[PDB]
Protein chains: 2
Amino acid sequence: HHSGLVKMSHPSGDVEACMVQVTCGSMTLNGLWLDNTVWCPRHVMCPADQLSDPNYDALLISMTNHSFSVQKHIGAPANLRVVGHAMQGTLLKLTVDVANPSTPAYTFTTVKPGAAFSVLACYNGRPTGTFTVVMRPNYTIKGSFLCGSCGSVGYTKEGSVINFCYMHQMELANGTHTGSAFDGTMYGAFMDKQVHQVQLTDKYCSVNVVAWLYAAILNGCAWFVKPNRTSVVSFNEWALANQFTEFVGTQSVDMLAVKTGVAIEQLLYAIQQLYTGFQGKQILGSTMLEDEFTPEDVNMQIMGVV
Amino acid sequence: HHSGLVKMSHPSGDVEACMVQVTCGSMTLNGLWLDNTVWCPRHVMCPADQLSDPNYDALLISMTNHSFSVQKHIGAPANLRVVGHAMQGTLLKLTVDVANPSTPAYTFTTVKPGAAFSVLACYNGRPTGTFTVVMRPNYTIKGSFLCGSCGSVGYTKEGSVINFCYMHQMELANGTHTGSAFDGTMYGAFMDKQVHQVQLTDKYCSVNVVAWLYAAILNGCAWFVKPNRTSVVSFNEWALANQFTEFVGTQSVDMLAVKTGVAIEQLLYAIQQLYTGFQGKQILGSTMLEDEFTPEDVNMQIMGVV
Ligand SMILES: *[C@H](O)[C@H](C[C@@H]1CCNC1=O)NC(=O)[C@H](CC(C)C)NC(=O)OC[C@H]1CCC(=O)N1CC1CCCCC1
Ligand SMILES: *[C@H](O)[C@H](C[C@@H]1CCNC1=O)NC(=O)[C@H](CC(C)C)NC(=O)OC[C@H]1CCC(=O)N1CC1CCCCC1
């Protein structure tokens, strides 16, 4: 029996229309063109033989507006003349002479661990694929990014407003990925330097495991539901010792509890038992806990509720 | 021998000139006036007997520009005319007809666990006090805020640029505090409604304990240093088991190791031992590990290095 759950991304058209290629000499990557501003990773400034320890302050001073070439390749092509350049954290803010006529309604936001967002993977300013990821508790994402993908963007949507939350910077030693928020800070403790970096321990996202167990109930799979309960407080002390995030309830989870008539605390008890082993059984075709679907995913994809 | 370490805030004058009072109906709090924009917590729109379950979308639609009264009390007082209103996350963006003539050079940034920032505590639009805090690993701060303090702001500085990072929203049941970033997201998992909420477990900030042990060494107090070393990888597995954050080195920590000739790994080993007890001894007048001073604090206050 199929759960009805897929990895669903937002439609990407509105964001495709904002993607550009930024070139600074022998260096190129992707940028995001909104209003009169183009955002891109600041290591587009750095020579290859310096990425291990750049002085980004000195590299920025060395640039002029004419040092940057910004091109839109898809749709109606454009070459954008840079009329101002600034640094904000790990991002460049380039001011251009033309406001993007396709600028959508948008905000900038930071995403929190366990939350899902959509990614538009781009190369040389050309969108090539889209996928969705959950921000991990260690501030990485399990993405799909190759050389030349930096500047690819991640976003959520609230109605027709796009909330840009991520712009891609790097791949870590374990194959996961991280990037900047549009305030210029990097997610987690990472620096945009070509050095090996200390990576932090990941955890199960407990609110997402709960959502996935609700999705199983909504598909008639409820062998793991018992009358026994574990309080949120007691689950959260248990979580600290067992590689789980602490559970924080939300209205989205509450809707799942009302729809199914199964209490959150029943599923917190179930998680504690299932973590010690599924004992030959499966849940939604899996023999281990799934934390990559959010309460919002389950409400929208199965119940049609946004 | 006094180490020379105090809780040191930035001079507050530039931020004082940006503070206003914002009143909506019978509700009042503080706002931050930059260029033609005034930022304030959106719960200023909520009547007191509705704070437990506000409908902020409907509240915003019900308001007009005339619903908001913004006043500058400091210096040359002014009543500002609101000419637009909008919501971003947990903040209101009010547009006013006068640009703040004292707007500093500024950015918006998010602060990470363990980093220090300065807070200007305000009441009725009037600055009252300034103090510094470190963001806790559970995204609360140990502040000093009373009724009427919402909209007080926190910030860091780089040169002459003020990086606004915090707008005060709420006090938790354990007496700690939290607030928004200026993208409108709350630090932590917290909602701006008057409902009691799951606050997550706090941890010792490993990088700041290391900074503090270096301050002790710079002060001549080095009885805890041994040849023994614990690697970062091995320290970090121990930290997960003992309610410490994972250690990630920075150039600021590296400068303390060069100056003292004591390796980071020597202090990681020391922390593991000291955490089991100081054996009746003291470090810098304490019998417990101190994590409220950053590597930058020690570099600046003790070695005189920005
Ligand atoms: C930008 O397009 C690019 C995207 C990367 C390329 C591979 N997949 C991606 O997601 N980003 C980079 O190349 C960064 C530049 C820095 C200046 C931020 N670096 C980067 O991702 O690196 C490569 C990864 C591979 C695994 C790893 O540990 N590592 C860094 C090491 C490589 C070996 C030398 C030490 C640093
Ligand atoms: C704004 O000026 C005000 C600042 C508070 C008052 C007391 N000390 C402060 O720092 N903010 C509030 O009063 C918030 C408004 C909500 C709409 C967010 N609520 C608030 O602080 O409350 C009172 C506190 C006191 C201890 C406690 O448990 N509690 C209730 C909170 C706990 C955290 C979640 C919201 C409800």
# chains A, B, ... in the order shown; residues from 1 in each chain; ligands from 1
>>> residues_near_ligand(ligand="ligand 1", cutoff="7 Å", atoms="only C-alpha atoms and all ligand atoms", output="list in words")
residues 29, 43, 51, 52, 145, 146, 147, 148, 149, 150, 169, 170, 171, 172, 173, 175, 177, 191, 192, 193, 194, 195 and 196 of chain A
>>> write_last_selection(atoms="N, CA and C atoms", output="mmCIF file, in the first residue's frame")
data_model
loop_
_atom_site.group_PDB
_atom_site.id
_atom_site.type_symbol
_atom_site.label_atom_id
_atom_site.label_comp_id
_atom_site.auth_asym_id
_atom_site.auth_seq_id
_atom_site.Cartn_x
_atom_site.Cartn_y
_atom_site.Cartn_z
ATOM 1 N N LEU A 29 29.707 31.575 -11.109
ATOM 2 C CA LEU A 29 28.716 30.800 -10.358
ATOM 3 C C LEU A 29 27.358 31.454 -10.578
ATOM 4 N N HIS A 43 32.710 33.889 -2.614
ATOM 5 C CA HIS A 43 33.945 33.284 -3.107
ATOM 6 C C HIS A 43 34.060 33.324 -4.626
ATOM 7 N N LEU A 51 41.657 29.851 -2.243
ATOM 8 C CA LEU A 51 40.412 29.502 -1.569
ATOM 9 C C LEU A 51 40.627 28.892 -0.184
ATOM 10 N N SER A 52 41.847 28.458 0.150
ATOM 11 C CA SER A 52 42.087 27.855 1.456
ATOM 12 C C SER A 52 42.120 28.891 2.573
ATOM 13 N N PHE A 145 24.442 18.386 -5.330
ATOM 14 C CA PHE A 145 25.114 19.587 -5.816
ATOM 15 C C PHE A 145 26.489 19.199 -6.330
ATOM 16 N N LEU A 146 26.853 19.720 -7.490
ATOM 17 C CA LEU A 146 28.125 19.431 -8.131
ATOM 18 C C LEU A 146 28.914 20.729 -8.257
ATOM 19 N N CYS A 147 30.155 20.610 -8.715
ATOM 20 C CA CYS A 147 30.935 21.791 -9.060
ATOM 21 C C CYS A 147 30.128 22.727 -9.953
ATOM 22 N N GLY A 148 30.144 24.019 -9.612
ATOM 23 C CA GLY A 148 29.409 25.026 -10.366
ATOM 24 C C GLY A 148 27.988 25.291 -9.910
ATOM 25 N N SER A 149 27.522 24.631 -8.850
ATOM 26 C CA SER A 149 26.162 24.791 -8.336
ATOM 27 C C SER A 149 26.037 25.903 -7.306
ATOM 28 N N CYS A 150 27.150 26.449 -6.829
ATOM 29 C CA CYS A 150 27.075 27.468 -5.797
ATOM 30 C C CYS A 150 26.237 28.646 -6.279
ATOM 31 N N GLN A 169 26.629 26.988 -0.860
ATOM 32 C CA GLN A 169 28.043 27.329 -0.720
ATOM 33 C C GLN A 169 29.007 26.160 -0.808
ATOM 34 N N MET A 170 28.649 24.960 -0.350
ATOM 35 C CA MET A 170 29.704 23.969 -0.134
ATOM 36 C C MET A 170 29.160 22.577 0.177
ATOM 37 N N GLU A 171 30.039 21.596 -0.034
ATOM 38 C CA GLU A 171 29.811 20.198 0.296
ATOM 39 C C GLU A 171 30.803 19.800 1.381
ATOM 40 N N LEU A 172 30.317 19.097 2.389
ATOM 41 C CA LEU A 172 31.141 18.686 3.512
ATOM 42 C C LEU A 172 31.747 17.311 3.247
ATOM 43 N N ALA A 173 32.656 16.912 4.147
ATOM 44 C CA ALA A 173 33.374 15.649 4.012
ATOM 45 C C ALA A 173 32.444 14.443 3.934
ATOM 46 N N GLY A 175 29.576 14.252 2.513
ATOM 47 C CA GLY A 175 28.701 14.313 1.364
ATOM 48 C C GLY A 175 27.481 15.188 1.532
ATOM 49 N N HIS A 177 25.637 19.013 2.607
ATOM 50 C CA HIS A 177 25.798 20.314 1.977
ATOM 51 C C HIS A 177 25.370 21.429 2.918
ATOM 52 N N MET A 191 32.546 27.865 7.709
ATOM 53 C CA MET A 191 33.146 29.017 7.043
ATOM 54 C C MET A 191 33.330 28.744 5.554
ATOM 55 N N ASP A 192 33.213 29.801 4.742
ATOM 56 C CA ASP A 192 33.340 29.649 3.289
ATOM 57 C C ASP A 192 34.807 29.721 2.867
ATOM 58 N N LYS A 193 35.573 28.744 3.363
ATOM 59 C CA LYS A 193 36.978 28.568 3.032
ATOM 60 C C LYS A 193 37.195 27.126 2.606
ATOM 61 N N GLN A 194 38.146 26.918 1.703
ATOM 62 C CA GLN A 194 38.417 25.559 1.230
ATOM 63 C C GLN A 194 39.370 24.878 2.209
ATOM 64 N N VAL A 195 38.810 24.473 3.354
ATOM 65 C CA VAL A 195 39.519 23.707 4.376
ATOM 66 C C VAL A 195 38.574 22.633 4.907
ATOM 67 N N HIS A 196 39.156 21.554 5.443
ATOM 68 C CA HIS A 196 38.359 20.535 6.120
ATOM 69 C C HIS A 196 37.730 21.132 7.370
#
>>> interface_residues(of="chain A", to="chain B", cutoff="8 Å", atoms="only C-alpha atoms", output="ChimeraX atom specification")
/A:88,107-110,183-185,189,198,200,241,246,248
>>> atom_distance(atom1="CA of residue 282 in chain A", atom2="CA of residue 220 in chain A")
13.1 Å
>>> select_by_dssp(residues="range 44-252 of chain A", states="helix (DSSP H, G or I)", output="compact mmCIF listing (two decimals) with C-alpha atoms, in the first residue's frame")
# COMPACT_ATOMS: atom_id res chain seq x y z
CA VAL A 44 33.31 34.21 -6.74
CA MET A 45 35.97 36.85 -5.90
CA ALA A 48 41.71 29.32 -7.20
CA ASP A 49 45.13 29.30 -5.49
CA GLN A 50 43.68 31.22 -2.51
CA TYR A 56 37.55 38.61 1.59
CA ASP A 57 37.84 42.19 2.88
CA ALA A 58 40.90 42.82 0.69
CA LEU A 59 39.39 40.98 -2.28
CA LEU A 60 36.28 43.18 -2.10
CA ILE A 61 38.37 46.36 -2.00
CA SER A 62 40.29 45.15 -5.06
CA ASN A 65 31.82 47.49 -10.51
CA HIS A 66 33.27 46.62 -13.93
CA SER A 67 34.87 43.53 -12.39
CA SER A 206 11.28 13.90 16.47
CA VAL A 207 8.44 16.16 15.30
CA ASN A 208 8.91 14.71 11.79
CA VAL A 209 8.94 11.12 12.99
CA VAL A 210 5.64 11.87 14.74
CA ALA A 211 4.24 13.27 11.48
CA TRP A 212 5.31 10.14 9.61
CA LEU A 213 3.62 7.88 12.19
CA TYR A 214 0.45 9.95 11.79
CA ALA A 215 0.77 9.45 8.02
CA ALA A 216 0.89 5.69 8.64
CA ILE A 217 -2.28 5.88 10.75
CA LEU A 218 -3.93 7.96 8.02
CA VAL A 232 6.38 15.46 26.13
CA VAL A 233 8.60 16.33 29.11
CA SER A 234 9.61 12.71 29.68
CA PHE A 235 10.11 12.08 25.96
CA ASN A 236 12.36 15.13 25.80
CA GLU A 237 14.66 13.93 28.58
CA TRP A 238 14.77 10.59 26.78
CA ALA A 239 15.54 12.37 23.50
CA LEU A 240 18.67 13.94 25.00
CA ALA A 241 20.18 10.50 25.60
CA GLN A 251 -0.88 23.40 15.36
CA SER A 252 0.03 21.28 12.34
>>> closest_residue(among="B:155, B:223, B:139, B:106", to="residue 178 in chain B", atoms="only C-alpha atoms")
B:139
>>> atom_distance(atom1="CA of residue 30 in chain A", atom2="CA of residue 121 in chain A")
9.6 Å
>>> residues_around(residues="residue 229 in chain A", least_positions_apart="3", cutoff="9 Å", atoms="only C-alpha atoms", output="CSV table (one decimal) with N, CA, C and O atoms, in the first residue's frame")
chain,number,residue,atom,x,y,z
A,226,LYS,N,-0.6,2.0,20.7
A,226,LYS,CA,-1.0,1.3,22.0
A,226,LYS,C,-1.6,2.3,22.9
A,226,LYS,O,-1.5,3.5,22.6
A,263,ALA,N,-3.3,10.3,20.2
A,263,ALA,CA,-2.6,11.4,21.0
A,263,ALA,C,-1.1,11.4,20.7
A,263,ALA,O,-0.5,10.4,20.5
A,264,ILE,N,-0.6,12.6,20.6
A,264,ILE,CA,0.9,12.8,20.4
A,264,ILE,C,1.6,11.9,21.4
A,264,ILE,O,2.6,11.2,21.0
A,265,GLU,N,1.2,11.9,22.6
A,265,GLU,CA,1.9,11.1,23.7
A,265,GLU,C,1.9,9.6,23.4
A,265,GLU,O,2.8,8.9,23.8
A,266,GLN,N,0.9,9.1,22.7
A,266,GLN,CA,0.9,7.7,22.2
A,266,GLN,C,2.0,7.5,21.2
A,266,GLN,O,2.6,6.4,21.3
A,267,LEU,N,2.2,8.4,20.3
A,267,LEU,CA,3.3,8.2,19.3
A,267,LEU,C,4.6,8.5,19.9
A,267,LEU,O,5.6,7.9,19.5
A,268,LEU,N,4.8,9.3,20.9
A,268,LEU,CA,6.0,9.5,21.6
A,268,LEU,C,6.4,8.2,22.3
A,268,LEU,O,7.6,7.7,22.2
A,269,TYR,N,5.5,7.5,22.9
A,269,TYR,CA,5.7,6.1,23.4
A,269,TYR,C,6.1,5.2,22.3
A,269,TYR,O,7.1,4.4,22.4
A,270,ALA,N,5.4,5.2,21.2
A,270,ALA,CA,5.7,4.3,20.1
A,270,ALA,C,7.1,4.5,19.6
A,270,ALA,O,7.9,3.6,19.3
>>> atom_distance(atom1="CA of residue 260 in chain A", atom2="CA of residue 298 in chain A")
12.3 Å
